[PDB]
Structure formats: structure tokens, C-alpha cells
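Trainee: So that you have it, the file is work07.pdb, and it contains PDB, C-alpha atoms:
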ATOM      1  CA  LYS N 438       0.000   0.000   0.000  1.00  0.00           C
ATOM      2  CA  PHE N 439       0.917   3.689   0.095  1.00  0.00           C
ATOM      3  CA  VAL N 440       0.873   5.771   3.283  1.00  0.00           C
ATOM      4  CA  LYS N 441       1.804   9.442   3.537  1.00  0.00           C
ATOM      5  CA  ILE N 442       4.725  10.229   5.840  1.00  0.00           C
ATOM      6  CA  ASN N 443       3.055  11.770   8.930  1.00  0.00           C
ATOM      7  CA  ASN N 444       0.740  14.635   7.841  1.00  0.00           C
ATOM      8  CA  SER N 445       2.831  17.615   6.709  1.00  0.00           C
ATOM      9  CA  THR N 446       5.541  15.576   4.975  1.00  0.00           C
ATOM     10  CA  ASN N 447       4.757  14.484   1.415  1.00  0.00           C
ATOM     11  CA  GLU N 448       7.008  11.398   1.507  1.00  0.00           C
ATOM     12  CA  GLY N 449       5.905   7.854   2.310  1.00  0.00           C
ATOM     13  CA  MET N 450       7.063   4.257   2.736  1.00  0.00           C
ATOM     14  CA  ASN N 451       5.194   1.498   0.889  1.00  0.00           C
ATOM     15  CA  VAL N 452       4.800  -0.799   3.891  1.00  0.00           C
ATOM     16  CA  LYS N 453       3.615  -4.411   3.583  1.00  0.00           C
ATOM     17  CA  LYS N 454       0.383  -5.466   5.307  1.00  0.00           C
ATOM     18  CA  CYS N 455      -1.480  -8.476   3.936  1.00  0.00           C
ATOM     19  CA  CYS N 456      -5.250  -8.156   3.524  1.00  0.00           C
ATOM     20  CA  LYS N 457      -7.978 -10.784   3.321  1.00  0.00           C
ATOM     21  CA  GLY N 458     -11.717 -11.247   3.057  1.00  0.00           C
ATOM     22  CA  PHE N 459     -14.432 -12.318   0.629  1.00  0.00           C
ATOM     23  CA  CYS N 460     -13.280 -11.114  -2.785  1.00  0.00           C
ATOM     24  CA  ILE N 461      -9.613 -11.927  -2.111  1.00  0.00           C
ATOM     25  CA  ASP N 462     -10.628 -15.594  -1.998  1.00  0.00           C
ATOM     26  CA  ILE N 463     -12.136 -15.371  -5.483  1.00  0.00           C
ATOM     27  CA  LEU N 464      -8.976 -13.575  -6.633  1.00  0.00           C
ATOM     28  CA  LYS N 465      -6.845 -16.433  -5.299  1.00  0.00           C
ATOM     29  CA  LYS N 466      -9.075 -19.035  -6.951  1.00  0.00           C
ATOM     30  CA  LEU N 467      -8.907 -17.151 -10.257  1.00  0.00           C
ATOM     31  CA  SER N 468      -5.113 -16.986 -10.000  1.00  0.00           C
ATOM     32  CA  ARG N 469      -4.946 -20.729  -9.350  1.00  0.00           C
ATOM     33  CA  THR N 470      -7.284 -21.589 -12.233  1.00  0.00           C
ATOM     34  CA  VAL N 471      -5.853 -19.249 -14.894  1.00  0.00           C
ATOM     35  CA  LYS N 472      -2.223 -19.627 -13.680  1.00  0.00           C
ATOM     36  CA  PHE N 473      -0.952 -16.060 -13.574  1.00  0.00           C
ATOM     37  CA  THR N 474       0.745 -13.770 -11.034  1.00  0.00           C
ATOM     38  CA  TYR N 475      -0.339 -10.556  -9.338  1.00  0.00           C
ATOM     39  CA  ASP N 476       1.094  -7.654  -7.333  1.00  0.00           C
ATOM     40  CA  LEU N 477      -2.078  -6.120  -5.908  1.00  0.00           C
ATOM     41  CA  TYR N 478      -1.893  -2.777  -4.107  1.00  0.00           C
ATOM     42  CA  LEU N 479      -4.264  -0.298  -2.495  1.00  0.00           C
ATOM     43  CA  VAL N 480      -5.399   3.058  -3.873  1.00  0.00           C
ATOM     44  CA  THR N 481      -4.011   6.447  -2.834  1.00  0.00           C
ATOM     45  CA  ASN N 482      -6.323   9.358  -3.716  1.00  0.00           C
ATOM     46  CA  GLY N 483     -10.027   9.397  -2.890  1.00  0.00           C
ATOM     47  CA  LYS N 484     -12.171   6.288  -3.045  1.00  0.00           C
ATOM     48  CA  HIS N 485     -14.264   4.521  -5.704  1.00  0.00           C
ATOM     49  CA  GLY N 486     -15.042   6.546  -8.830  1.00  0.00           C
ATOM     50  CA  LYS N 487     -16.582   9.984  -9.361  1.00  0.00           C
ATOM     51  CA  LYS N 488     -15.760  11.878 -12.553  1.00  0.00           C
ATOM     52  CA  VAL N 489     -14.966  15.562 -12.016  1.00  0.00           C
ATOM     53  CA  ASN N 490     -13.791  17.910 -14.792  1.00  0.00           C
ATOM     54  CA  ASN N 491     -13.047  14.861 -16.964  1.00  0.00           C
ATOM     55  CA  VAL N 492     -10.890  13.414 -14.165  1.00  0.00           C
ATOM     56  CA  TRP N 493     -11.588  10.229 -12.195  1.00  0.00           C
ATOM     57  CA  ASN N 494     -10.679   9.897  -8.511  1.00  0.00           C
ATOM     58  CA  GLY N 495      -8.688   6.692  -8.657  1.00  0.00           C
ATOM     59  CA  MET N 496      -9.976   3.139  -8.967  1.00  0.00           C
ATOM     60  CA  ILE N 497     -11.572   3.843 -12.335  1.00  0.00           C
ATOM     61  CA  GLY N 498      -8.882   6.492 -12.800  1.00  0.00           C
ATOM     62  CA  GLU N 499      -6.140   3.885 -12.372  1.00  0.00           C
ATOM     63  CA  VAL N 500      -7.610   1.581 -15.045  1.00  0.00           C
ATOM     64  CA  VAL N 501      -8.659   4.175 -17.614  1.00  0.00           C
ATOM     65  CA  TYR N 502      -5.085   5.476 -17.988  1.00  0.00           C
ATOM     66  CA  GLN N 503      -3.628   1.982 -18.620  1.00  0.00           C
ATOM     67  CA  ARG N 504      -1.748   2.156 -15.311  1.00  0.00           C
ATOM     68  CA  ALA N 505      -3.133  -1.006 -13.670  1.00  0.00           C
ATOM     69  CA  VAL N 506      -4.875  -3.929 -15.358  1.00  0.00           C
ATOM     70  CA  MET N 507      -8.130  -5.022 -13.672  1.00  0.00           C
ATOM     71  CA  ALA N 508      -9.830  -3.404 -10.654  1.00  0.00           C
ATOM     72  CA  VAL N 509     -10.646  -6.174  -8.187  1.00  0.00           C
ATOM     73  CA  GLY N 510     -12.901  -5.131  -5.328  1.00  0.00           C
ATOM     74  CA  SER N 511     -16.353  -3.785  -4.506  1.00  0.00           C
ATOM     75  CA  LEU N 512     -17.307  -1.982  -7.717  1.00  0.00           C
ATOM     76  CA  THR N 513     -20.940  -1.375  -8.649  1.00  0.00           C
ATOM     77  CA  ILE N 514     -21.958  -1.674 -12.290  1.00  0.00           C
ATOM     78  CA  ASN N 515     -23.291   1.672 -13.497  1.00  0.00           C
ATOM     79  CA  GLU N 516     -24.221   3.407 -16.754  1.00  0.00           C
ATOM     80  CA  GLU N 517     -21.306   5.830 -17.151  1.00  0.00           C
ATOM     81  CA  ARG N 518     -18.674   3.410 -15.829  1.00  0.00           C
ATOM     82  CA  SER N 519     -19.582   0.750 -18.399  1.00  0.00           C
ATOM     83  CA  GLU N 520     -18.924   3.291 -21.177  1.00  0.00           C
ATOM     84  CA  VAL N 521     -15.308   4.024 -20.166  1.00  0.00           C
ATOM     85  CA  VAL N 522     -14.085   0.712 -18.770  1.00  0.00           C
ATOM     86  CA  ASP N 523     -15.335  -2.781 -19.627  1.00  0.00           C
ATOM     87  CA  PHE N 524     -16.902  -4.943 -16.923  1.00  0.00           C
ATOM     88  CA  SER N 525     -17.577  -8.676 -16.612  1.00  0.00           C
ATOM     89  CA  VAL N 526     -20.385 -10.986 -15.480  1.00  0.00           C
ATOM     90  CA  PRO N 527     -21.706 -10.084 -12.003  1.00  0.00           C
ATOM     91  CA  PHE N 528     -21.431 -12.609  -9.188  1.00  0.00           C
ATOM     92  CA  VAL N 529     -23.348 -10.936  -6.316  1.00  0.00           C
ATOM     93  CA  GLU N 530     -26.771  -9.307  -6.597  1.00  0.00           C
ATOM     94  CA  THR N 531     -27.097  -5.904  -4.930  1.00  0.00           C
ATOM     95  CA  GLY N 532     -28.817  -2.548  -5.240  1.00  0.00           C
ATOM     96  CA  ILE N 533     -30.337   0.283  -3.192  1.00  0.00           C
ATOM     97  CA  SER N 534     -32.285  -0.340   0.018  1.00  0.00           C
ATOM     98  CA  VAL N 535     -33.241   1.390   3.277  1.00  0.00           C
ATOM     99  CA  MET N 536     -32.147   0.962   6.890  1.00  0.00           C
ATOM    100  CA  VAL N 537     -34.772   2.658   9.050  1.00  0.00           C
ATOM    101  CA  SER N 538     -35.137   1.379  12.613  1.00  0.00           C
TER     102      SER N 538
ATOM    103  CA  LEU G 506     -26.528 -21.678 -34.264  1.00  0.00           C
ATOM    104  CA  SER G 507     -28.709 -21.903 -37.333  1.00  0.00           C
ATOM    105  CA  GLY G 508     -30.331 -19.745 -40.002  1.00  0.00           C
ATOM    106  CA  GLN G 509     -33.194 -17.340 -39.249  1.00  0.00           C
ATOM    107  CA  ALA G 510     -32.277 -16.953 -35.539  1.00  0.00           C
ATOM    108  CA  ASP G 511     -30.483 -13.584 -35.104  1.00  0.00           C
ATOM    109  CA  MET G 512     -31.614 -13.130 -31.438  1.00  0.00           C
ATOM    110  CA  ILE G 513     -33.464 -14.846 -28.592  1.00  0.00           C
ATOM    111  CA  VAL G 514     -35.874 -13.092 -26.211  1.00  0.00           C
ATOM    112  CA  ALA G 515     -37.080 -15.631 -23.639  1.00  0.00           C
ATOM    113  CA  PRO G 516     -36.122 -16.984 -20.194  1.00  0.00           C
ATOM    114  CA  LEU G 517     -32.589 -18.239 -20.901  1.00  0.00           C
ATOM    115  CA  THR G 518     -30.583 -18.997 -17.764  1.00  0.00           C
ATOM    116  CA  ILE G 519     -26.889 -18.119 -17.818  1.00  0.00           C
ATOM    117  CA  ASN G 520     -24.696 -21.209 -17.561  1.00  0.00           C
ATOM    118  CA  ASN G 521     -21.137 -22.280 -18.304  1.00  0.00           C
ATOM    119  CA  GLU G 522     -22.077 -24.897 -20.914  1.00  0.00           C
ATOM    120  CA  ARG G 523     -23.774 -22.238 -23.083  1.00  0.00           C
ATOM    121  CA  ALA G 524     -21.297 -19.348 -22.783  1.00  0.00           C
ATOM    122  CA  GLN G 525     -18.689 -20.632 -25.255  1.00  0.00           C
ATOM    123  CA  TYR G 526     -20.597 -20.722 -28.546  1.00  0.00           C
ATOM    124  CA  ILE G 527     -22.717 -17.645 -27.747  1.00  0.00           C
ATOM    125  CA  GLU G 528     -22.660 -14.745 -25.304  1.00  0.00           C
ATOM    126  CA  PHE G 529     -25.370 -12.937 -23.355  1.00  0.00           C
ATOM    127  CA  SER G 530     -25.991  -9.405 -22.114  1.00  0.00           C
ATOM    128  CA  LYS G 531     -26.288  -7.975 -18.624  1.00  0.00           C
ATOM    129  CA  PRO G 532     -29.106  -9.878 -16.872  1.00  0.00           C
ATOM    130  CA  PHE G 533     -32.476  -8.141 -16.736  1.00  0.00           C
ATOM    131  CA  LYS G 534     -33.892 -10.354 -13.963  1.00  0.00           C
ATOM    132  CA  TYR G 535     -32.080 -12.151 -11.142  1.00  0.00           C
ATOM    133  CA  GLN G 536     -33.804 -15.389 -10.170  1.00  0.00           C
ATOM    134  CA  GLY G 537     -32.790 -18.678  -8.585  1.00  0.00           C
ATOM    135  CA  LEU G 538     -34.605 -22.004  -8.557  1.00  0.00           C
ATOM    136  CA  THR G 539     -36.697 -23.165  -5.593  1.00  0.00           C
ATOM    137  CA  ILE G 540     -38.929 -26.086  -4.586  1.00  0.00           C
ATOM    138  CA  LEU G 541     -42.688 -26.009  -5.186  1.00  0.00           C
ATOM    139  CA  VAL G 542     -44.769 -28.432  -3.117  1.00  0.00           C
ATOM    140  CA  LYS G 543     -48.444 -29.303  -2.827  1.00  0.00           C
ATOM    141  CA  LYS G 544     -50.699 -28.135  -0.002  1.00  0.00           C
ATOM    142  CA  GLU G 545     -53.563 -29.749   1.901  1.00  0.00           C
ATOM    143  CA  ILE G 546     -56.206 -28.486   4.315  1.00  0.00           C
ATOM    144  CA  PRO G 547     -54.979 -28.917   7.919  1.00  0.00           C
ATOM    145  CA  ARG G 548     -56.822 -31.553   9.939  1.00  0.00           C
ATOM    146  CA  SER G 549     -56.248 -29.783  13.286  1.00  0.00           C
ATOM    147  CA  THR G 550     -59.560 -27.904  13.192  1.00  0.00           C
ATOM    148  CA  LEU G 551     -60.913 -29.637  16.340  1.00  0.00           C
ATOM    149  CA  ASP G 552     -63.950 -30.775  14.350  1.00  0.00           C
ATOM    150  CA  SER G 553     -64.397 -33.822  16.580  1.00  0.00           C
TER     151      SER G 553
ATOM    152  CA  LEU F 727     -49.825 -24.104  -3.444  1.00  0.00           C
ATOM    153  CA  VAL F 728     -46.882 -22.574  -1.590  1.00  0.00           C
ATOM    154  CA  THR F 729     -43.178 -22.248  -2.373  1.00  0.00           C
ATOM    155  CA  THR F 730     -40.783 -23.366   0.365  1.00  0.00           C
ATOM    156  CA  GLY F 731     -37.038 -23.723   0.766  1.00  0.00           C
ATOM    157  CA  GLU F 732     -34.273 -21.269  -0.033  1.00  0.00           C
ATOM    158  CA  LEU F 733     -32.771 -20.030  -3.278  1.00  0.00           C
ATOM    159  CA  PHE F 734     -29.798 -21.946  -4.664  1.00  0.00           C
ATOM    160  CA  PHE F 735     -27.727 -21.682  -7.843  1.00  0.00           C
ATOM    161  CA  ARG F 736     -28.534 -17.981  -8.010  1.00  0.00           C
ATOM    162  CA  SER F 737     -28.160 -16.527 -11.501  1.00  0.00           C
ATOM    163  CA  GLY F 738     -29.868 -14.174 -13.928  1.00  0.00           C
ATOM    164  CA  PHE F 739     -31.768 -14.312 -17.189  1.00  0.00           C
ATOM    165  CA  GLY F 740     -30.621 -12.602 -20.370  1.00  0.00           C
ATOM    166  CA  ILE F 741     -31.234 -11.745 -24.012  1.00  0.00           C
ATOM    167  CA  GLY F 742     -29.433 -14.159 -26.305  1.00  0.00           C
ATOM    168  CA  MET F 743     -27.149 -13.401 -29.226  1.00  0.00           C
ATOM    169  CA  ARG F 744     -25.086 -15.195 -31.864  1.00  0.00           C
ATOM    170  CA  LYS F 745     -21.272 -15.268 -31.851  1.00  0.00           C
ATOM    171  CA  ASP F 746     -20.347 -11.618 -32.425  1.00  0.00           C
ATOM    172  CA  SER F 747     -22.804  -9.007 -33.693  1.00  0.00           C
ATOM    173  CA  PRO F 748     -22.774  -5.186 -33.631  1.00  0.00           C
ATOM    174  CA  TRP F 749     -25.948  -5.152 -31.501  1.00  0.00           C
ATOM    175  CA  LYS F 750     -24.086  -6.302 -28.375  1.00  0.00           C
ATOM    176  CA  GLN F 751     -22.866  -3.001 -26.926  1.00  0.00           C
ATOM    177  CA  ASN F 752     -26.022  -1.041 -27.748  1.00  0.00           C
ATOM    178  CA  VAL F 753     -28.291  -3.752 -26.325  1.00  0.00           C
ATOM    179  CA  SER F 754     -26.299  -4.067 -23.100  1.00  0.00           C
ATOM    180  CA  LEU F 755     -26.132  -0.297 -22.596  1.00  0.00           C
ATOM    181  CA  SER F 756     -29.859   0.101 -23.259  1.00  0.00           C
ATOM    182  CA  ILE F 757     -30.722  -2.670 -20.795  1.00  0.00           C
ATOM    183  CA  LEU F 758     -28.514  -1.089 -18.127  1.00  0.00           C
ATOM    184  CA  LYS F 759     -30.021   2.361 -18.722  1.00  0.00           C
ATOM    185  CA  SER F 760     -33.550   0.959 -18.486  1.00  0.00           C
ATOM    186  CA  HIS F 761     -32.630  -0.934 -15.317  1.00  0.00           C
ATOM    187  CA  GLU F 762     -31.255   2.166 -13.588  1.00  0.00           C
ATOM    188  CA  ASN F 763     -34.253   4.276 -14.681  1.00  0.00           C
ATOM    189  CA  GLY F 764     -36.878   2.300 -12.751  1.00  0.00           C
ATOM    190  CA  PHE F 765     -38.837   1.465 -15.909  1.00  0.00           C
ATOM    191  CA  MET F 766     -38.074  -2.249 -15.587  1.00  0.00           C
ATOM    192  CA  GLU F 767     -39.138  -2.269 -11.931  1.00  0.00           C
ATOM    193  CA  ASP F 768     -42.463  -0.571 -12.690  1.00  0.00           C
ATOM    194  CA  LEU F 769     -43.184  -2.836 -15.665  1.00  0.00           C
ATOM    195  CA  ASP F 770     -42.365  -5.957 -13.643  1.00  0.00           C
ATOM    196  CA  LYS F 771     -44.590  -4.773 -10.793  1.00  0.00           C
ATOM    197  CA  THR F 772     -47.478  -4.075 -13.170  1.00  0.00           C
ATOM    198  CA  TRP F 773     -47.213  -7.390 -15.014  1.00  0.00           C
ATOM    199  CA  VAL F 774     -46.389  -9.678 -12.062  1.00  0.00           C
TER     200      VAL F 774
END
Show me this structure written as C-alpha cells.
Mentor:
Amino acid sequence: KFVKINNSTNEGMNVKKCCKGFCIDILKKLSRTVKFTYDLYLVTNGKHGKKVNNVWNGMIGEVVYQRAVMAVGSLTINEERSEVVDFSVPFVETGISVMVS
Amino acid sequence: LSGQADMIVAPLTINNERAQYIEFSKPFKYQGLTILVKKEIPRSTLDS
Amino acid sequence: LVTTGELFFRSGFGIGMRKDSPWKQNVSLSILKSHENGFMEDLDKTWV
């Protein structure tokens, strides 16, 4: 990953901290089945994707500019995103709901 | 994989055995498969 | 009758196509746009 050095300093050391969960398991299974190698890393600026002045805040921004193949994670299929990048078959059904109590 | 063809608009479940020769679009209805069973009138009505 | 149990082998339906045709991108984009517009939800509610 990338972490900024303190707050004022603009430097940073790319420390190593392994991460796990749901989608990482499917990534491992895909790597085993297709027999390739990966060097996955976390994002730096912003989170998810939101176009602003023809600029994307990472995630989508790091795949549109041919800087990182594939974007493995929690990405929702949308209308504008599918026009810039190319998606694949969904594996988990989801949408918009409410959480009143 | 024939003549007239040219599209299919019907319930066509996505499966591995069918995705090689042809390809589908984004699904327009998510649906699994369940079990449908018969029903009978309960006999615990205290009729006797 | 009643439907019991839980969903398994969850998947989705889809419009078919043959090999590679120019209609693919337009059809997929139109389906996604309709899905996000609530038209599909309203039509499904009305007809089901």
C-alpha cells in the first residue's frame, strides 16, 4: 500500500500489510485456475469513482489510464462506468435499500 | 446456431455450458430455482 | 400451493445473441439504462 509520511511531509514508505476477506478468496481461486501472477496494491487518492472535470478519482482512474490492469474489489456496475471501462459478469446481486429502525 | 435466428428473447438462464458458442448481455432479472410443493387443508380444526 | 425452501444456484436471465454481432454493446447499454431508470421495476410490478 501507500501511506503518507506523517501529515505535513509528502514522503511515504510502501509498507507491507497483507489483507484478506471475501473477494480476495475469489482472486486467489482465479489466479490458481488461470495460472498467472499478481502484485495487488491499495489506492491512494479518494475512493471509488466519481468523474470531475473529466478526471476520475482513482480506482476507475487507475484503469482508464492503462496504469493497472483489472480493478478487483467492490465496484458497482453503473451506466457511465460501463462506457469508459469494460466490466464482466456479475457474481453478487445488490442494489439500493433502506435501513430505518 | 442456425439460419433465421439472429436473437433470442425468452427466459434463458446463464450457464457455463452455453457461454462458449454464444454470449449474453447484462441480466435483466435475477432469479434462482426453488422447490414447489403441494398443499392440503390442515386436519387440526378440532372438528371432533 | 406454496413455495418453500431457499434459493440456490442464483443466476440471472438474459437476451441471447449469436457469436459476435454489432448489436451487443447497444443492447447491453440500453438494458442497463432501463434498469437504472426504474422502468423495468415498474413494468415488472405491473405485469407480475
Trainee: For chain F, work out the contacting residues on chain G at 8 Å, counting only C-alpha atoms, and write them as a ChimeraX atom specification.
Mentor: /G:506,511-519,526-544
Trainee: Report as JSON, numbers by chain the set of chain N residues whose atoms approach chain F to within 8 Å, with distances computed over only C-alpha atoms.
Mentor: {"N": [515, 516, 519]}
Trainee: So how many Å separate CA of residue 464 (chain N) and CA of residue 505 (chain N), to one decimal?
Mentor: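 CA of residue 505 (chain N) lies 15.5 Å from CA of residue 464 (chain N).
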Trainee: Would you compute the distance between CA of residue 490 (chain N) and CA of residue 517 (chain N)? Give it in Å to one decimal.
Mentor: 14.4 Å
Trainee: May I have the residues of chain N within 12 Å of chain G, counting all atoms listed in the file, written as a list in words?
Mentor: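 Written out as asked, the residues are residues 514, 515, 516, 519, 524, 525, 526, 527, 528, 529, 530, 531 and 532 of chain N.
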